[PDB]
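S.K.: Input: one structure, supplied below.
Number of protein chains: 4
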Amino acid sequence: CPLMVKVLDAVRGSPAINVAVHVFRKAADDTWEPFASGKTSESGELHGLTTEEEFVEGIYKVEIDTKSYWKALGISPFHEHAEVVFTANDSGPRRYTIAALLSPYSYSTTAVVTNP
Amino acid sequence: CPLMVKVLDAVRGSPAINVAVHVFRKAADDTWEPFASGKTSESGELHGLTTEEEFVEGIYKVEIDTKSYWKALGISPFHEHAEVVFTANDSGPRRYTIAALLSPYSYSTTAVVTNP
Amino acid sequence: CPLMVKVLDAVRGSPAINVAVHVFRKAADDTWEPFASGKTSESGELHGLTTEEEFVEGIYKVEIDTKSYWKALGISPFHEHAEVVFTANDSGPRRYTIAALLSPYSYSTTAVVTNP
Amino acid sequence: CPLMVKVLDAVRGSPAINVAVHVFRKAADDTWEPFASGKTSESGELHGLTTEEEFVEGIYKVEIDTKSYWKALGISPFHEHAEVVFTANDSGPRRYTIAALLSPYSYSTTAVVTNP
Ligand SMILES: O=C(O)C(F)(F)C(F)(F)C(F)(F)C(F)(F)C(F)(F)C(F)(F)C(F)(F)F
Ligand SMILES: O=C(O)C(F)(F)C(F)(F)C(F)(F)C(F)(F)C(F)(F)C(F)(F)C(F)(F)F
Ligand code: NA
Ligand code: NA
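Protein chains in written order, with this note's numbering: chain L, -16 to 99; chain Z, -16 to 99; chain R, -16 to 99; chain F, -16 to 99.
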């Protein structure tokens, strides 16, 4: 998969299920164009966002809707969302896993980048 | 001091010094309007961004220029920048500290919200 | 798998490969008895540490040999190891994933606990 | 102050107050000998653990009693405690800050090592 997102919940010790994720790509005019979106599964994973053909070079923003997640669980969190902004595929195609660990007042994120 | 930003470096075990930080406030048309900015000090801290009178309820974005930080140290980084997006809420404690811990492919951020 | 360990490298944006992991279990006399050990694979994962029969209730310590990992890469890190100490299976069998994200002067760890 | 410990709470967005912290030094027979201890203050900090004269090179372990902390707040935690194990090295900067960020199923820790 060229782009996968994985989200965990640090309060419950579980995957973070039904988290909305929106991906944007910076356009020539420097605006953020919608690129792909989806929801995490029961495993906390979101697959199928894009394809090798469509996932060209660019600056991408992965927005994880953490506030919506916490509020659906009846919790008032600090952040609106968790963002991950990065240049992709600038040395040719790579596979990216963007992982996030959520708490009500904190988040951590990391990337795993592999060459197929 | 209603808003302070603190940035640490997980590779060197040090404050992250001379990191550019930009704060934006979300406007009525949903655009991000410049609000305050500065560079972290030799302690990794950025004080004096705003005043109680200026820092009204609303949605704010703190952008930390991590890419330039890593490049000035000769290190190849993943992210363009780190973002922290949150709502200021008068009901909650009145001082906000936004802390971030930087690594080349990862960052962690937390909020410490307290009262005097 | 009743117990799995997954380790990532925040400097490289990769799995942390060939990381030694030692698991101990607290004995009746309050000493730490060796329980299982192994090394992470090319995916950063360590499977096969134990079995459902052997992984009884107890207090377990998962020691991840982070210093040995960094030193093998020619880096002088801060910590000797990363530890994770927890009571397991006290409400019946669970499956535990212990994840760690490594930097030279920092680490983060989380647990995912599921009921089979 | 050669050694300071700071503890934050990622659920409440606050310092972690009145957390017990024990520091041990590794002895010649590889056992852990009590070295210093205290409880974090209303700022989440524990100062005054040791002096320059007492804090010689060696391996130290900082145990943070996270389980009792979460229980006093009515929250079910995963870990027995959090540990930070490191070597003090006279070559490196002379002040050590050990920071930890707590969630029920996760913790992050970093070291900030600086000179006056
Ligand atoms: O030095 C401080 O006063 C501090 F703000 F507490 C801190 F040490 F920076 C910290 F916030 F604890 C921290 F180290 F940055 C952290 F542990 F919280 C972190 F690294 F986990 C995260 F990234 F969340 F800030
Ligand atoms: O299980 C996975 O494959 C995973 F979710 F991707 C993960 F490796 F666990 C992870 F999310 F990356 C993570 F490592 F657990 C993390 F994000 F939580 C972390 F790396 F930040 C921390 F340090 F917490 F482990
Ligand atoms: Na290129
Ligand atoms: Na029981």
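Each residue gets a CB set at the ideal place from its N, CA and C atoms; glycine is no exception.
Specify the secondary structure class of Z:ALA71 as computed by DSSP and reduced to three states.
M.R.: Start at 1 with the first residue of the second sequence, and residue 71 of chain Z comes out as number 88. Strand at Z:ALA71.
S.K.: May I ask you to check if the CB of Z:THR93 is nearer than 8 Å to at least one heavy atom of ligand 1?
M.R.: Residue 93 of chain Z sits at position 110 when you count from the first residue of the second sequence. Yes, since a heavy atom of ligand 1 falls inside the 8 Å radius drawn around the Cβ of Z:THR93.
S.K.: Between the region 31 to 48 of chain R and chain F, which residues of the former have a C-beta closer than 7 Å to a C-beta of the latter?
M.R.: Correct list: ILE42.
S.K.: Express the C-alpha separation of R:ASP(-8) and R:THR49 in angstroms, rounding to a whole number.
M.R.: To locate residue 49 of chain R, count along the third sequence from 1; it is residue 66. To locate residue -8 of chain R, count along the third sequence from 1; it is residue 9. R:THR49 and R:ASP(-8): Cα-Cα distance of roughly 10 Å.
S.K.: To the nearest angstrom, how far is the alpha carbon of F:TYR43 from that of F:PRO17?
M.R.: Your numbering for residue 43 of chain F matches position 60 in the fourth sequence. Your numbering for residue 17 of chain F matches position 34 in the fourth sequence. Computed Cα separation, rounded: 10 Å.
S.K.: Considering only residues of the same chain and omitting the five flanking positions on each side of Z:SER51, which have a CB-CB separation below 7 Å?
M.R.: For the purposes of this step, residue 51 of chain Z is taken as the residue at position 68 of the second sequence. Once the five neighbours on either side are set aside, the close Cβ partners of Z:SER51 are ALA3.
S.K.: Flag Z:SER51 as yes when its Cβ comes closer than 8 Å to any non-hydrogen atom of ligand 4, and as no otherwise.
M.R.: Start at 1 with the first residue of the second sequence, and residue 51 of chain Z comes out as number 68. No, since every heavy atom of ligand 4 falls outside the 8 Å radius drawn around the Cβ of Z:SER51.
S.K.: Which of the three DSSP states, helix, strand or coil, is assigned to R:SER51?
M.R.: Within the third sequence, numbered from 1, the residue matching residue 51 of chain R stands at position 68. Helix.
S.K.: Find the residues of chain F that neighbour R:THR23, judging by a C-beta separation of less than 8 Å, and give them in chain order.
M.R.: Along the third sequence, read from residue 1 onward, the residue named residue 23 of chain R stands at position 40. Simply none; closest approach about 19 Å.
S.K.: Between the alpha carbons of F:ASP73 and F:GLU40, how many angstroms are there, rounded?
M.R.: Your numbering for residue 73 of chain F matches position 90 in the fourth sequence. Your numbering for residue 40 of chain F matches position 57 in the fourth sequence. Their backbone Cα atoms lie some 6 Å apart in a straight line.
S.K.: The beta strand (DSSP E) spanning Z:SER89 covers which residue range?
M.R.: Locating residue 89 of chain Z in the second sequence gives position 106, where the first residue counts as 1. It spans 89 to 97 - the beta strand (DSSP E) in which Z:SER89 sits, taken as one unbroken run.
S.K.: What is the residue span of the beta strand (DSSP E) that Z:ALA19 lies within?
M.R.: The residue labelled residue 19 of chain Z in the question sits at position 36 within the second sequence. Looking at the DSSP string, the run of the beta strand (DSSP E) that includes Z:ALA19 is 15 to 22.
S.K.: Answer yes or no: does any C-beta atom of chain Z fall closer than 9 Å to that of L:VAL96?
M.R.: Mapped onto the first sequence, residue 96 of chain L falls at position 113. Chain Z contact via Cβ: present.
S.K.: Out of F:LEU32, F:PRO87, F:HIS62, which has the shortest C-alpha to C-alpha gap to L:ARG(-5)?
M.R.: Numbered from 1 along the first sequence, position 12 holds the residue referred to as residue -5 of chain L. When each option's Cα is compared against that of L:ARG(-5), the closest is F:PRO87.
S.K.: How would you list, in chain order, the residues of chain R whose beta-carbon sits under 8 Å from the beta-carbon of Z:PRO17?
M.R.: Counting from one through the second sequence, the residue named residue 17 of chain Z turns up at place 34. By Cβ distance, chain R contributes nothing, its closest Cβ being about 31 Å from Z:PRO17, past 8 Å.
S.K.: Taking the straight line between their C-alpha atoms, what separation do you get for R:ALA71 and Z:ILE81?
M.R.: One-based indexing of the third sequence puts residue 71 of chain R at position 88. One-based indexing of the second sequence puts residue 81 of chain Z at position 98. Distance between the alpha carbons of R:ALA71 and Z:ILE81: 35 Å.
S.K.: Could you tell me the alpha carbon to alpha carbon distance between F:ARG77 and F:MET(-13), rounded to whole angstroms?
M.R.: Within the fourth sequence, numbered from 1, the residue matching residue 77 of chain F stands at position 94. Within the fourth sequence, numbered from 1, the residue matching residue -13 of chain F stands at position 4. Distance between the alpha carbons of F:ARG77 and F:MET(-13) is about 12 Å.
S.K.: Taking 8 Å as the cut-off, does the CB of Z:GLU63 come closer than this to any heavy atom belonging to ligand 3?
M.R.: Along the second sequence, one-based indexing puts residue 63 of chain Z at 80. No; taking the cut-off as 8 Å, the Cβ of Z:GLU63 has no heavy atom of ligand 3 nearer than that.
S.K.: Rank F:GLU66, F:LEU56, F:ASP13, F:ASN98 by C-alpha distance to the C-alpha of residue 111 of chain F and give the top, closest one.
M.R.: Outside the shown range of chain F, which is -16 to 99, sits residue 111 of chain F, and nothing can be said about it.
S.K.: Using a Cβ-Cβ cut-off of 9 Å, state whether Z:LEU(-9) counts as contacting chain F.
M.R.: Locating residue -9 of chain Z in the second sequence gives position 8, where the first residue counts as 1. At least one chain F Cβ lies under 9 Å of Z:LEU(-9).
S.K.: In terms of alpha-carbon separation, which member of F:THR93, F:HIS62, F:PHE38, F:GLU25 lies closest to F:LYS9?
M.R.: Looking up residue 9 of chain F in the fourth sequence gives position 26. If we check each option's Cα against that of F:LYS9, F:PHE38 comes out closest.
S.K.: Is Z:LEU84 close to chain R? Criterion is C-beta to C-beta, closer than 9 Å.
M.R.: Counted from its first residue, the second sequence places residue 84 of chain Z at position 101. Judged by the 9 Å Cβ criterion, Z:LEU84 is in contact with chain R.
S.K.: Could you check whether L:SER24 and L:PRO(-2) sit closer than 9 Å to each other, using their CB atoms as the reference points?
M.R.: Taking the first residue of the first sequence as position 1, residue -2 of chain L is located at position 15. Taking the first residue of the first sequence as position 1, residue 24 of chain L is located at position 41. A contact, by the Cβ cut-off of 9 Å.
S.K.: Which bits of chain L does R:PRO(-2) rub up against, with CB to CB less than 8 Å?
M.R.: Here the question's residue -2 of chain R lines up with position 15 in the third sequence. The answer, in chain order, is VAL95.
S.K.: Is the shortest distance between the beta-carbon of Z:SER91 and the beta-carbons of chain F less than 9 Å?
M.R.: Walking along the second sequence from the start, residue 91 of chain Z turns up at place 108. Answer yes: the Cβ-Cβ gap between Z:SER91 and chain F drops below 9 Å somewhere.
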